[PDB]
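In what follows, a structure is listed as structure tokens, so that the remarks can point back to it.
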Amino acid sequence: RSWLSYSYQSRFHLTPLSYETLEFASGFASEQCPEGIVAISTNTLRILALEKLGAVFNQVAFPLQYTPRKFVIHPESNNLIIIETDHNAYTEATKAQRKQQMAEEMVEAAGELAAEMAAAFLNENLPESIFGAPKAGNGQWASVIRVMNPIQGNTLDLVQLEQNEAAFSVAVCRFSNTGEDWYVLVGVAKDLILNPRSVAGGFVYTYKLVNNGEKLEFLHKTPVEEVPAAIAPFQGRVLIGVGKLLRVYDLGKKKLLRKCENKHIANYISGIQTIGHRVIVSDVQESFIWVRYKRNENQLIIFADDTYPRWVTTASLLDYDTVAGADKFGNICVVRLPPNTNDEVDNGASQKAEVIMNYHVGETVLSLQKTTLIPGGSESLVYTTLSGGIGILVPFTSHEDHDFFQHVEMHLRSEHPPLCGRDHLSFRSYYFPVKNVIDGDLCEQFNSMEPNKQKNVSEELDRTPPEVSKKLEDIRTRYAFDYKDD
Amino acid sequence: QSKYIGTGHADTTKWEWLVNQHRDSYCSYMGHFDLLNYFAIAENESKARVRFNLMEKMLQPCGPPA
Amino acid sequence: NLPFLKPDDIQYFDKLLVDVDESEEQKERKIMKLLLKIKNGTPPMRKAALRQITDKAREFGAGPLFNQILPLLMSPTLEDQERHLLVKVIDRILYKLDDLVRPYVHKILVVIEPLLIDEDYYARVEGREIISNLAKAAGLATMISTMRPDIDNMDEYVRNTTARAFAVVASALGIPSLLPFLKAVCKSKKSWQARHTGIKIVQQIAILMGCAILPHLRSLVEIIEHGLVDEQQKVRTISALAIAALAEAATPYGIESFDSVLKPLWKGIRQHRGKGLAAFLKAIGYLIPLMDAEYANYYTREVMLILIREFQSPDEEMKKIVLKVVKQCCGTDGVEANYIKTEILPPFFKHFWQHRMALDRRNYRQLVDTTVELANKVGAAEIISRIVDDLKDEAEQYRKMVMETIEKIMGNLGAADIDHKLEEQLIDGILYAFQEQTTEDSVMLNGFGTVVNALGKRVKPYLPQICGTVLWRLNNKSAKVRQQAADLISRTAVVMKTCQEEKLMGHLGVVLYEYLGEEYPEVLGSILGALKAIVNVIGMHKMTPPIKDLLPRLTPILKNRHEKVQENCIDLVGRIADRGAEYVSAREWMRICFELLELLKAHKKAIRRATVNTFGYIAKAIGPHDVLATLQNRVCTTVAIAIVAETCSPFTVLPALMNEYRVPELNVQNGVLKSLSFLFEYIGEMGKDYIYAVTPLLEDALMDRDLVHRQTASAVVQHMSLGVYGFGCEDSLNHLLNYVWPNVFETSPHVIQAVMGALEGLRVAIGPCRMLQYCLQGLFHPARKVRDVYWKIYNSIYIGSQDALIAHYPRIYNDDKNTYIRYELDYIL
Amino acid sequence: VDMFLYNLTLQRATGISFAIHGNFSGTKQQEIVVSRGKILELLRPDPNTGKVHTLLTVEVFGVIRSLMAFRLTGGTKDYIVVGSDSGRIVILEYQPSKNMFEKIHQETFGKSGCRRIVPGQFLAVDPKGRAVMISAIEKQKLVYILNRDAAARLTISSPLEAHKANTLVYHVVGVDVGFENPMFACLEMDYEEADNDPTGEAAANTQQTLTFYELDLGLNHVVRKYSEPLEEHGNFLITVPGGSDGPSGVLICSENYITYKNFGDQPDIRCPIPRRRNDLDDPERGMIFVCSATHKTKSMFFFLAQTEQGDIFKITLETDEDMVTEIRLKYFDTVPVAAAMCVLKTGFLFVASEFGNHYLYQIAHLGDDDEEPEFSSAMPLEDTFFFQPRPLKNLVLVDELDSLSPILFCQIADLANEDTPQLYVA
Amino acid sequence: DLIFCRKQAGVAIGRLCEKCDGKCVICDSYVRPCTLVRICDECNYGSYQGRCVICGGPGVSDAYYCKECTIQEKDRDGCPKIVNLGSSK
Ligand SMILES: [Zn+2]
Ligand SMILES: [Zn+2]
Ligand SMILES: [Zn+2]
């Protein structure tokens with residue numbers, strides 16, 4: 001990356017640029033750009049400028065057509081397979097045929113026949129992004145599959161689906177029976193009446209993804225009775241969640257052959273993630289279900305479940321025994337199997353899974369991911385939210401730090417209460433009591449208090465306000481972005 | 001307890017209970033921003049019209065009683 | 001049946017003492033002793049009867065209503081709360097009797113208007129309230145037509161109360177409704193009493209309305225402004241006073257509305273004398289703070305000549321008006337401090353700071369406060385220096401005035417403005433003024449300690465002389481003034497520490513120590529307080545009365561009957577135990593512990609809290625390894641065990657406390673249950689690591705044994721659940737819930753309410769989800785006895801955390817006639 | 001294996017739920033207090049460069065449900081009343097010297113959470129700042145009185161109960177009365193009959209009622225003074241300026257209609273919502289307004305009402321004497337669907353979109369003096385008016401604030417050649 | 001016999017006498033006075049101004065709910081001035 005080192009009040013800074021790799025640069029100064037940088041990258045010349053000095057999450061936006069539901073990483077191509085589904089919508093063909101139908105009905109008024117307003121109506125397609133989307137209908141939908149290169153903004157492939165078909169799942173994988181050929185499975189639904197809920201059926205499209213992830217060609221379209229909203233590769237085969245039924249599917253030349261099935265899941269399958277051996281199912285309402293797949297019989301056995309109902313939105317496996325899950329109501333939990341759980345067995349299940357973490361974020365989380373944000377740092381549980389916000393959950397390395405930040409939380413709860421009369425502990429215990437989380441957003445407000453309060457709180461912890469502030473910065477230095485260059 | 005709307009007693013019918021929790025649910029949707037966001041994204045309708053239909057479902061939910 | 005009748009109630013309710021029937025209007029009066037049911041009775045009688053008299057308010061008519069209410073409201077023996085009830089029922093019947101009260105309006109006012117001038121504030125607000133409701137029942141033209149003849153009445157009393165009543169109806173019906181009436185009456189040509197009365201109505205509208213005038217301020221000012229040039233001096237005076245009231249209520253906004261009044265007033269300042277000049281000057285004084293900076297400079301300079309001239313007026317009201325005007329002028333930002341220093345201060349301190357001003361209390365307060373406010377803008381030294389030399393006056397009251405003035409000034413601004421000469425003048429004047437005291441002046445104490453603390457480390461060169469005077473006064477006047485010197489030491493100890501004069505505090509230490517045998521308890525308390533203030537700053541090894549000697553002298557003083565001696569003594573014991581407990585043997589500390597154990601039951605909160613703190617300190621010094629296992633009245637021992645388990649980890653006392661439960665006797669098991677309850681409630685969060693240890697004891701005691709075991713054990717579960725809430729103890733508390741739940745069915749109110757409280761605590765700590773899960777089964781159980789209790793628990797879980805239950809309600813499939821599925825939550829993106 | 005966690009935010013929420021404007025700094029400059037989900041934020045649009053800078057951002061650790069600003073008589077600084085998921089109402093004052101929200105007042109009336117009958121969802125203020133009304137969705141309504149003391153500091157009174165059992169509130173709005181007794185108009189709907197009729201007939205033909213609550217200041221009590229049923233259900237109201245400027249009254253936005261309905265002898269005036277020419281939408285679908293902005297001048301006043309299709313109309317009211325003659329709507333422009341809009345002096349419009357990025361435009365022209373058709377309630381038809389959507393011709397895009405809401409998927413991976421992983425956000 | 005007032009509390013601070021100085025108005029617990037007590041305007045009027053919330057004597061300090069009552073939001077019910085269902089005196 002291109003990093004900028006500059007001194008600031010006898011204190012250096014080495015902040016990287018939110019930009020692609022560059023090959024050369026030199027200082028620039030013109031009337032168009034008084035203070036800029038001329039940088040050459042691979043086969044391109046760029047006149048740039050560094051106006052803002054603060055480091056934030058900067059973006060480059062690739063416009064889409066419909067609302068995206070999920071995308072998957074193709075390992076070889078490093079490209080994206082995105083499904084874009086929208087309620088109350090028309091497909092492009094329906095927009096054309098309906099627009100034209102209106103054009104035909106325009107002439108039937110028999111007005112002196114001599115007026116061609118259709119020549120001005122069929123000509124101009126108003127920009128759908130600014131003038132709103134011309135979309136309506138209660139059973140109508142619009143879903144599109146797209147192959148996009150993440151490096152540039154170009155779209156590699158585009159597949160427009162039928163009128164009332166709505167894709168909710170997608171995956172990219174290979175099958176054991178076939179060679180090293182990459183397949184793209186897309187779960188679709190037909191005639192969705194959302195309220196009240198009623199479905200006609202579902203489909204599963206299979207694609208060959210030839211040209212190292214550049215084109216999709218139609219293999220087959222296997223039908224099914226209920227909407228499949230969960231697709232996951234599992235031991236050379238694909239686990240598909242259709243309704244409340246979790247099925248093991250293999251690839252066939254004519255259709256996706258059903259190899260196994262389980263129908264004891266409570267309500268409806270929203271998501272599924274699997275370690276190499278186990279299967280973690282996300283019920284729409286009844287939290288997580290642990291399912292083992294017996295290799296000898298192709299028999300899915302439920303060997304554990306949760307003691308609390310959870311309207312799950314997303315999840316991620318932290319290890320072989322713990323799952324971190326998000327909530328429709330804006331909560332996050334971590335559930336761990338007890339170490340004595342027997343995998344091979346045959347109010348819901350016998351052995352239950354204990355919830356080791358509860359924490360109300362306040363904004364509905366739709367993506368959890370355990371990853372390292374910067375080179376050299378440690379893994380963090382980065383989550384995104386429905387309000388366009390990015391957060392992290394961070395483990396403590398020693399009990400001394402846990403007690404420290406915990407006492408900071410207790411102090412700031414009384415000395416720096418929330419601004420709108422809310423109780424902090426009650427707010428974070430919205431639906432479930434807080435279990436093993438310290439609100440760092442509250443803790444970092446230590447810097448905003450009056451100096452006498454910083455002195456009282458710090459002296460209560462046998463420290464000084466600068467020491468508290470630095471110890472709060474250490475978390476960001478370890479797990480987040482810190483560009484302080486001594 | 002009796003004067004708090006949503007409170008129950010021994011002769012509370014299932015219809016009263018579920019219209020109670022239904023109205024509670026609709027008002028909770030009105031409150032929590034990201035919930036109304038999830039619902040307004042599921043069905044392609046603006047926040048305003050989703051709130052409006054949630055208000056129309058206040059004397060309507062579970063239909064008429066027995 | 002009738003309620004109880006008082007002797008003064010016979011006159012008004014005599015006709016209920018006999019059974020009569022079949023009378024007419026006698027039926028009305030008889031059923032109107034409903035009033036007697038409201039006045040004397042229980043809250044149910046007052047509410048039910050109140051509703052009965054409001055529903056039939058139209059049917060009864062206004063005539064009989066007020067004919068029976070007004071004599072009650074006039075009874076001299078009427079209590080204030082009874083009068084308030086009569087006011088409430090008057091309002092409630094006035095709301096229904098919209099038009100019927102018109103022919104009786106006058107008959108009400110002649111009875112109510114006196115209440116507007118009563119010495120009782122609440123009676124005045126009653127009169128204002130019922131006159132307002134009377135103004136909303138009847139029309140505006142009804143009140144105007146009823147009250148117009150009393151405008152030009154020759155008696156000033158009825159004019160005054162009439163103007164006040166018009167202000168009340170103006171507050172009830174709004175200013176614009178009464179604007180034209182005032183615009184006409186204030187220009188009435190018939191007599192000057194009418195215009196004077198309407199202008200008084202404007203003034204009372206200012207006083208009563210307050211800051212709600214601002215939108216109509218220009219309207220009122222325009223209606224009233226002409227009175228400044230009338231040939232009647234009285235209407236000019238009351239017009240200027242009403243302008244001053246409007247400016248006071250509009251502060252700090254609304255300077256524009258007074259525009260058309262600024263120039264006349266000014267001109268009048270040159271051609272008026274007497275009390276009309278005082279009214280004009282008052283209006284100026286309340287108008288200047290509303291102006292901008294430059295215009296405040298211009299106008300204040302424009303009136304300062306006549307103001308300075310009236311600094312030496314023979315009238316007292318004049319001196320006080322112009323003094324308030326001086327404070328208001330020098331409070332405004334436009335009047336620079338240099339101008340005040342050049343043109344205001346010399347005549348101010350020449351004419352206003354006299355010996356005859358210290359005798360009057362009103363002149364005393366006015367001059368002191370005004371002078372300090374002058375110091376807030378012109379500086380501290382510029383004011384203090386002019387009155388320092390007066391600290392050496394022979395008249396003691398003058399020394400009190402200058403002392404209080406300097407104390408407030410230095411308390412507000414500090415000592416950074418004071419040079420060395422004024423500093424020595426301060427030390428001299430404060431020493432001399434403090435030495436020759438005819439009594440114990442608290443003003444001289446606050447001034448001495450305030451000037452000392454203000455100087456801070458600058459007082460070091462004077463500390464030998466100061467402590468000399470404090471010792472002389474500390475041995476003088478035969479114990480009468482000793483406690484004042486002790487308070488002075490207590491207030492200057494920290495400054496004596498920050499001046500490196502510790503041995504002097506040592507002399508004070510031994511001299512104070514040799515007075516602990518004081519017979520006057522109020523003085524001994526101040527001795528102990530001064531000792532406490534010295535110990536808080538002195539090194540433990542520099543105490544000239546060694547702690548080895550000081551503490552055993554303090555141990556017998558704990559038996560003192562006086563509350564001050566107990567509080568200060570206990571506090572001193574605690575300071576010794578916190579700072580230098582290494583100088584006292586463990587036997588002494590134990591003897592102190594059981595000299596303070598009974599004081600944990602003291603009625604005064606300060607003594608209780610003090611004994612708790614010092615008990616925690618001595619328990620921290622000794623350590624909990626050796627305290628008595630248990631000893632008649634277990635409450636102080638319960639608080640003792642809680643204190644020991646709070647200062648030192650409960651890992652030390654919980655094993656023995658639970659060991660006392662193994663004995664087969666019952667009342668001691670209840671005792672250890674109570675001490676466990678107050679234990680966990682007191683420690684709060686520290687019980688997060690001590691729940692698994694106390695689990696089995698609560699398993700046995702929680703099971704059916706004695707009803708009290710289950711009761712206090714459930715209370716233990718409640719206190720643990722509330723103190724540990726938020727620290728990841730769902731497994732243990734969820735485990736004890738499985739035992740608390742069998743005790744859900746019980747009829748003894750105390751134990752069932754303790755179980756309910758435990759269910760609410762376990763609700764906040766475990767979560768409403770689990771509580772609803774346990775509570776779901778018996779909500780629709782066929783039996784009613786279980787539906788009562790389970791629905792009750794469901795009510796406790798629903799009132800608290802109702803918004804949380806939205807995520808825990810189970811899925812219930814829709815039947816044929818209804819739609820019971822929440823489809824929104826089933827959405828999947 | 002003890003697992004203790006520690007939460008932190010890296011990118012605070014960018015989606016806007018509320019947006020008010022006023023002189024929060026106490027100067028001539030106008031700022032925009034916006035509310036994200038759980039974060040109160042103070043922004044300042046620059047009249048020079050036209051960029052929106054975030055002056056302040058505070059995490060309130062609670063669910064903000066209503067946001068209003070007010071000013072006392074003769075005042076020069078706007079306070080901030082915040083209705084939260086707490087059982088408390090809070091009045092705040094921004095301090096430029098300290099760059100912080102000073103909590104001026106906080107009163108406790110109910111339980112915590114976005115509850116059904118606990119106030120905090122609705123918040124309407126008297127346009128003269130004399131009283132504030134905080135109300136729940138159902139059955140509970142409270143009114144506080146605001147009066148400054150001698151030190152010019154705002155003071156609050158005890159709450160005044162205005163409850164009404166079995167009542168649902170669609171929207172509350174303070175009525176602009178010229179220093180008369182404060183009025184609070186709101187949309188109500190009584191469901192007491194609909195729950196006691198197993199046939200469902202009481203459920204139907206049950207329409208909402210526009211009700212005017214009066215605050216008797218002289219008697220210190222609130223009374224349901226006025227009420228009248230509405231022809232069709234409305235979604236929200238608009239305060240029509242009264243007193244010295246314009247005639248008092250409220251605008252009721254309704255399914256396919258807008259209705260000025262001032263009370264007294266003022267007759268109800270209705271105008272159909274104009275529809276775009278040749279709608280590709282299903283004709284069975286209706287059309288409502290999503291939000292409204294109000295601009296008041298000593299000379300005139302107008303409104304800007306946006307539809308579900310993002311159609312901003314400039315609504316104007318002609319008037320004779322103290323009565324209104326007609327509602328005149330005119331097609332202004334089109335922007336994305338906004339959850340709130342703010343019309344500022346010096347000609348700027350802040351559009352906080354309900355989803356996606358936010359926008360700041362400069363008002364080049366008022367929307368009149370062009371030849372576009374201007375519709376009126378007095379125009380007869382029975383059929384609705386039609387207009388042609390056009391590119392931006394009354395506004396120019398001056399700033400665009402990137403908002404990530406709503407984030408539906410996220411993969412944090414190193415797809416580029418760089419070493420630090422990137423956040424790939426769908 | 002005895003019951004809480006439970007009307008809408010206003011801006012009037014509740015007081016406590018020297019004997020009832022450190023208890024929660026609801027549960028009589030002396031530990032951790034957390035949240036200040038508000039009482040309705042009617043209970044704080046005239047002769048009752050500054051009176052005790054528990055026993056009705058001359059108040060010398062301020063009344064506080066305990067921490068346990070604040071956790072359970074027992075401070076957010078009606079005003080807790082104990083009233084006897086007897087005469088008004
Ligand atoms: Zn008491
Ligand atoms: Zn009360
Ligand atoms: Zn309590």
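Ligands are numbered from 1 in the order shown, chains are lettered A, B, ... in the order of the structure tokens, and residues start at 1 in each chain.
Around ligand 1, the neighbouring residues within 8 Å, taking only C-alpha atoms and all ligand atoms, come to residues 16, 17, 18, 19, 20, 21, 52, 53, 54, 55, 56, 57, 58 and 59 of chain E.
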Once you have the residues from the selection above, write them out as a tab-separated table (two decimals), in the first residue's frame, restricted to N, CA, C and O atoms.
chain	number	residue	atom	x	y	z
E	16	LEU	N	-37.45	13.05	53.78
E	16	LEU	CA	-37.45	12.04	54.82
E	16	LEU	C	-37.08	12.68	56.14
E	16	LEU	O	-36.21	13.56	56.19
E	17	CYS	N	-37.75	12.25	57.21
E	17	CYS	CA	-37.49	12.75	58.55
E	17	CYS	C	-36.25	12.07	59.13
E	17	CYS	O	-35.65	11.19	58.52
E	18	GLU	N	-35.87	12.49	60.34
E	18	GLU	CA	-34.65	11.97	60.95
E	18	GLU	C	-34.78	10.49	61.31
E	18	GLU	O	-33.79	9.75	61.27
E	19	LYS	N	-35.99	10.03	61.64
E	19	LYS	CA	-36.16	8.63	62.01
E	19	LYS	C	-36.23	7.73	60.78
E	19	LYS	O	-35.66	6.63	60.78
E	20	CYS	N	-36.90	8.18	59.72
E	20	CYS	CA	-37.01	7.43	58.47
E	20	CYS	C	-36.01	7.92	57.43
E	20	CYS	O	-36.34	8.02	56.25
E	21	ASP	N	-34.78	8.23	57.85
E	21	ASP	CA	-33.89	9.01	56.99
E	21	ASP	C	-33.23	8.18	55.90
E	21	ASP	O	-32.86	8.73	54.86
E	52	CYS	N	-42.52	14.30	55.40
E	52	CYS	CA	-41.92	13.00	55.13
E	52	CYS	C	-42.80	12.19	54.18
E	52	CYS	O	-44.02	12.34	54.14
E	53	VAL	N	-42.14	11.32	53.40
E	53	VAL	CA	-42.87	10.48	52.46
E	53	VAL	C	-43.39	9.22	53.15
E	53	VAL	O	-44.46	8.71	52.80
E	54	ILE	N	-42.67	8.72	54.16
E	54	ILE	CA	-43.04	7.48	54.84
E	54	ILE	C	-44.05	7.76	55.95
E	54	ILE	O	-45.21	7.35	55.86
E	55	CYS	N	-43.61	8.46	57.00
E	55	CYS	CA	-44.42	8.62	58.21
E	55	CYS	C	-45.12	9.97	58.31
E	55	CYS	O	-46.05	10.10	59.11
E	56	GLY	N	-44.70	10.96	57.53
E	56	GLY	CA	-45.36	12.25	57.54
E	56	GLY	C	-44.84	13.24	58.56
E	56	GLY	O	-45.55	14.20	58.89
E	57	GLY	N	-43.63	13.04	59.08
E	57	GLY	CA	-43.03	13.97	60.00
E	57	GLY	C	-42.22	15.04	59.29
E	57	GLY	O	-42.15	15.06	58.05
E	58	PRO	N	-41.60	15.94	60.05
E	58	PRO	CA	-40.78	17.00	59.43
E	58	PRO	C	-39.56	16.40	58.74
E	58	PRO	O	-38.71	15.79	59.39
E	59	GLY	N	-39.48	16.59	57.43
E	59	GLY	CA	-38.40	16.01	56.66
E	59	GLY	C	-37.09	16.77	56.85
E	59	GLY	O	-37.06	18.00	56.86
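Every protein or nucleic acid residue with an atom no more than 12 Å from residue 131 in chain A, counting only C-alpha atoms and leaving out same-chain residues fewer than 4 positions away, appears here: residues 125, 126, 127 and 135 of chain A; 276, 279, 307, 308, 309, 310, 311, 312, 333, 334, 335, 336, 337, 388, 389, 390, 391 and 392 of chain D.
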Please return, as a PyMOL selection string, all residues of chain C lying within 8 Å of chain A when only C-alpha atoms are considered.
chain C and resi 725-728+764-770+804-805+807-808+823-829
Using only C-alpha atoms, please write the residues we just selected to a file, as a tab-separated table (two decimals), in the first residue's frame.
chain	number	residue	atom	x	y	z
C	725	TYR	CA	-27.26	-9.13	37.99
C	726	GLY	CA	-25.03	-8.62	34.96
C	727	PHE	CA	-22.03	-10.80	35.87
C	728	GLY	CA	-22.74	-14.09	34.10
C	764	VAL	CA	-33.84	-9.25	35.91
C	765	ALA	CA	-30.79	-11.49	36.44
C	766	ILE	CA	-31.77	-14.58	34.43
C	767	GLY	CA	-33.84	-12.79	31.80
C	768	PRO	CA	-37.54	-12.50	30.99
C	769	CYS	CA	-37.24	-15.32	28.43
C	770	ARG	CA	-36.63	-18.06	31.01
C	804	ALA	CA	-38.23	-7.71	25.67
C	805	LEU	CA	-41.05	-10.28	25.52
C	807	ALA	CA	-38.67	-11.84	21.06
C	808	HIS	CA	-39.74	-14.63	23.44
C	823	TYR	CA	-45.45	-12.97	9.66
C	824	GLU	CA	-43.11	-9.97	9.90
C	825	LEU	CA	-40.67	-11.80	12.19
C	826	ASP	CA	-40.69	-14.75	9.77
C	827	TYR	CA	-39.19	-12.60	7.00
C	828	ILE	CA	-35.82	-13.85	5.74
C	829	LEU	CA	-33.53	-11.70	3.59
Within-7 Å residues of ligand 3, basis only C-alpha atoms and all ligand atoms, as a count of residues only
11
Output the neighbourhood of ligand 2 as a PyMOL selection string, that is, all protein and nucleic acid residues with some atom at most 6 Å from the ligand, counting only C-alpha atoms and all ligand atoms.
chain E and resi 5+7+39-40+43+79+81
Proximity of chain D to chain C: per-residue shortest pair, 9 Å limit, only C-alpha atoms, as JSON lines:
{"residue": "D:73", "atom": "CA", "partner": "C:214", "partner_atom": "CA", "distance": 6.8}
{"residue": "D:74", "atom": "CA", "partner": "C:253", "partner_atom": "CA", "distance": 6.2}
{"residue": "D:75", "atom": "CA", "partner": "C:253", "partner_atom": "CA", "distance": 8.1}
{"residue": "D:111", "atom": "CA", "partner": "C:800", "partner_atom": "CA", "distance": 7.6}
{"residue": "D:112", "atom": "CA", "partner": "C:801", "partner_atom": "CA", "distance": 7.5}
{"residue": "D:113", "atom": "CA", "partner": "C:803", "partner_atom": "CA", "distance": 5.5}
{"residue": "D:114", "atom": "CA", "partner": "C:803", "partner_atom": "CA", "distance": 6.0}
{"residue": "D:115", "atom": "CA", "partner": "C:803", "partner_atom": "CA", "distance": 5.6}
{"residue": "D:116", "atom": "CA", "partner": "C:803", "partner_atom": "CA", "distance": 8.3}
{"residue": "D:130", "atom": "CA", "partner": "C:212", "partner_atom": "CA", "distance": 8.9}
{"residue": "D:147", "atom": "CA", "partner": "C:211", "partner_atom": "CA", "distance": 7.5}
{"residue": "D:148", "atom": "CA", "partner": "C:211", "partner_atom": "CA", "distance": 7.2}
{"residue": "D:149", "atom": "CA", "partner": "C:211", "partner_atom": "CA", "distance": 7.6}
{"residue": "D:150", "atom": "CA", "partner": "C:251", "partner_atom": "CA", "distance": 6.4}
{"residue": "D:151", "atom": "CA", "partner": "C:252", "partner_atom": "CA", "distance": 8.0}
{"residue": "D:152", "atom": "CA", "partner": "C:252", "partner_atom": "CA", "distance": 7.0}
{"residue": "D:179", "atom": "CA", "partner": "C:215", "partner_atom": "CA", "distance": 7.6}
{"residue": "D:180", "atom": "CA", "partner": "C:174", "partner_atom": "CA", "distance": 7.6}
{"residue": "D:181", "atom": "CA", "partner": "C:174", "partner_atom": "CA", "distance": 8.4}
{"residue": "D:216", "atom": "CA", "partner": "C:172", "partner_atom": "CA", "distance": 8.5}
{"residue": "D:217", "atom": "CA", "partner": "C:172", "partner_atom": "CA", "distance": 7.3}
{"residue": "D:218", "atom": "CA", "partner": "C:172", "partner_atom": "CA", "distance": 3.9}
{"residue": "D:219", "atom": "CA", "partner": "C:133", "partner_atom": "CA", "distance": 6.6}
{"residue": "D:408", "atom": "CA", "partner": "C:829", "partner_atom": "CA", "distance": 8.2}
For chain E, the nearest of the candidates C:158, C:717, C:779, C:45, counting only C-alpha atoms
C:45
Pull out every residue of chain E that has at least one atom within 8 Å of chain D, counting only C-alpha atoms, and report them as a PyMOL selection string.
chain E and resi 8-11+41+73+76-77
